[PDB]
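All remarks here apply to the structure that follows.
Here it is, written out as structure tokens:
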């Protein structure tokens, strides 16, 4: 009888390859949590009970037992969506059968959306609406570059979907966070964007304008930019003069806001740059520069290295005086010798690096 | 009471990366069989009972249930070797405990050895020898380049191991196929390989000269070279005017010896080049050129393409008029459009290729 939701995660994770080989794309950590745990937490803030995960391939990719978060938080994942090759309609194909006597509209979310997540949508748009909160929109500067403009007139109702419009109809873009009523479910074998054109034809499709940030985290560059946009929004959310985290293992300075895992050891004279994240049990040397970069799980970092606009693996062991900058992702259990300069090179897991790379490329 | 053996497979498979992500390095197919099946068949030709596999990392890497070959052939794998970080002594660390009351000397083999496999070694060197067939040697043209020369005098006994010798002591090189007696087992905590200097100190180490080919299959280039040396040695082994395989689905011509899986379909006017292998259910177009290349498992190939000195994935789907040459390895479930020219580029699994690449490199 409790409120339920569906999350569309079906994909391969090909774009974010260099660090998705070890763990699936949904559960690659962002800031300090797996990429989906943010959405489960927001849906709990709504007050949902269980989440319907829609995986296109490898449903038993070790995710079931890796989901330790399932026992906590009082949220149970069923993993009931196994997809044969059909159209791009998750709920229509598999989740239509499983409803278990719902009573409230169920949310629909992507896996690469990062926002302030306004969780009043169940209560909002309740003023005698059929299919409340049917679509969610946000402002974009490039009205024509992204395309797919959802025109929102003065009335909170949408009637036309135009792709690459010549007219300046509006700056609204489909955020990808949907909520539909139970009656929406209709058996449509493979399908036109989940019957959105008809949904507007009966004129029961509403849009919610979003003031917060929005972007698709599908690439490492988008990963870094999402980090730099999302960190300032967490000032009232989590625990962490710039006092985001100042004294952990020694008297070190932080230029801007950053997320420092309490179990980590920063060192003595490190300079944690703006919008940086550090995972548990991470060790940072006596003097370091973590500038707009993420350090995930148990990693060791020597003395004097600079990690700028980059990521490191899970059990990665970084040299002492190296210099890692630009958009370069290091896979799992990588090791780099002293005094190496990796500039925008993605290394495969378990590799070893001992030579300079001044140009973008891949190390196998 | 039956004869047993130990296979050292402990490794990462890093060198043969682009096609070892899907399946572990020991079970990447060679010609028509997994790389361990040749070893197991030779050891059966000896008459062994069980094989002790020594895997360094990920013992349960889905190999146990994927080893369908265990139920057949009447050979049982125990997978009892899980390795904590110690020295390079597999049998001394774990396999020392498990002997199961042996009565005959047990073989020790690598995983990247390809030879004629003389399986009379149990009977050979039995003329009152202690530790019969302690080492195996083969001729190499580059006496000093490879180094580690095992000097074999007129007597079948070795007394000195010299690394990078200045003197032309001999062309023998340690093949890596060992057989030791039960009494050899001595608890040596981390380890001069198998205590070879002492083994020569008591002077009971013998060498067997090999007339056949020998090379380590650790790289795709070495993979191709090993295939082109090993195919002619199978003329008396398996089922397949050049009549290695001439008429399967149409009247096609084969220039040299090749391995054509019976379930495959060749087409109508293909030209299967010298020393090529094709897996089961593979489909080859109307006119093709498979020149010194390996096609693994279910693959589709269009019309007029050329696969020269290359490998393709498991479920690979190849375009019609493409041109794949040089040492290029295609991962699992890759797809290439029509008229692409991949020259020595390794693609990652599940990727898609639609653009030319005239230089060596990697596609993510």
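Chains as they are written, first to last, in the UniProt record's numbering: chain A, 7 to 196, 201 to 250, 256 to 379; chain B, 7 to 196, 201 to 250, 256 to 379.
The C-beta atom is built at its ideal place from N, Cα and C for all residues, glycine as well.
Can you check which of these residues, 280(A), 120(A), 75(A), is closest to residue 227(A) by C-alpha distance? 120(A)
contact_flag[the stretch 348–368 of chain A, the stretch 9–16 of chain A] where n(CB pairs < 8 Å) is 3 or more: no
Contacts of residue 377(A) in chain B (Cβ-Cβ under 8 Å): 376, 377, 379
Looking at the structure shown, is residue 250(B) part of a helix, part of a strand, or coil, going by DSSP? coil
Counting only Cβ-Cβ distances shorter than 8 Å, please list the residues of the stretch 16–29 of chain A near chain B, keeping chain order. Taking 8 Å as the Cβ-Cβ cut-off, the stretch 16–29 of chain A approaches chain B at 18, 20, 23, 24, 27, given in chain order.
Chain B partners of residue 357(A), CB-CB under 9 Å? Those do not exist, as residue 357(A) stays about 15 Å from chain B at its closest Cβ, beyond 9 Å.
Got a sec: is the Cβ-Cβ distance from residue 365(A) to anything in chain B below 9 Å? yes
Under 9 Å between C-beta atoms, does residue 361(A) make it to chain B? yes
What would DSSP say about residue 268(B), mapped onto helix, strand or coil? Three-state result, residue 268(B): strand.
Could you check whether the stretch 17–36 of chain B touches the stretch 332–348 of chain B, counting it as contact only if at least three pairs of C-beta atoms, one from each stretch, sit closer than 8 Å? Verdict: yes, contact present.
N- and C-terminal bounds of the beta strand (DSSP E) containing residue 142(A): 141–145
Under the three-state DSSP convention, the category residue 170(A) falls into: coil
Is the beta carbon of residue 144(A) sitting closer than 9 Å to the one on residue 166(A)? No, the pair does not count as a contact, with Cβ atoms beyond the cut-off.
Figure out for me which residue from 257(A), 207(A), 164(A) has the closest Cα to the Cα of residue 219(A). In terms of CA proximity to residue 219(A), 164(A) leads the group 257(A), 207(A), 164(A).
What are the residues that DSSP puts in a beta bridge with residue 345(B)? 362(B)
What does the alpha-carbon distance come out to for the pair residue 298(B) and residue 92(A)? 25 Å
When the Cα atoms are used, what is the spatial distance from residue 292(B) to residue 269(B)? 12 Å
Determine contact between the stretch 33–41 of chain B and the stretch 77–91 of chain B, defined as no fewer than three beta-carbon pairs at a distance below 8 Å. no
Please list the terminal residues of the continuous beta strand (DSSP E) segment that includes residue 321(B). In this chain, the beta strand (DSSP E) harbouring residue 321(B) covers 321–323.
By the DSSP assignment, the beta strand (DSSP E) with residue 340(A) in it spans what residues? Taken as a continuous stretch (DSSP letters only), the beta strand (DSSP E) holding residue 340(A) covers 338–340.
When the distance is taken between beta carbons, is residue 204(A) closer than 9 Å to residue 98(A)? Going by C-beta atoms, residue 98(A) is nearer than 9 Å to residue 204(A).
Is it right to say residue 245(B) is buried, meaning 16 or more other beta carbons lie within 10 angstroms of its own, or is it exposed? By the neighbour-count definition (other C-beta atoms within 10 Å, threshold 16), residue 245(B) is an exposed residue.
By Cβ distance below 6 Å, which residues in the same chain neighbour residue 113(B) in space, the five residues on each side in sequence not counted? 11, 185
Quick one: any contact between the stretch 121–140 of chain B and the stretch 45–61 of chain B, if contact means 3 or more CB pairs under 8 Å? yes
Between 133(B), 192(B), 217(B), which has its C-alpha nearest residue 176(B)'s C-alpha? The shortest C-alpha separation from residue 176(B) is found at 217(B).
Excluding five sequence neighbours on each side, which residues of the same chain lie with their C-beta closer than 6 Å to the C-beta of residue 287(A)? 269, 273, 305
For residue 109(B), which residues from the same chain have a beta carbon less than 7 Å from its beta carbon, with the 5 sequence-adjacent residues on both sides left out? 7
Could you tell me whether the Cβ atoms of residue 30(B) and residue 64(B) are closer together than 9 Å? Contact: yes.
Continuous alpha helix (DSSP H) stretch holding residue 211(A): start and end: DSSP places residue 211(A) inside the alpha helix (DSSP H), whose first and last residues are 206–211.
Over what stretch of residues does the beta strand (DSSP E) that includes residue 66(B) continue unbroken? Premise fails: residue 66(B) is in no beta strand (DSSP E) and is neither H nor E.
Name the two residues that bound the continuous alpha helix (DSSP H) containing residue 52(B). 41–52
Between the CA atoms of residue 337(A) and residue 131(A) - distance to the nearest angstrom: 54 Å
Are the CB atoms of residue 265(A) and residue 295(A) nearer to each other than 9 Å? No.
Residue 83(A) beta carbon less than 9 Å from that of residue 70(A): yes
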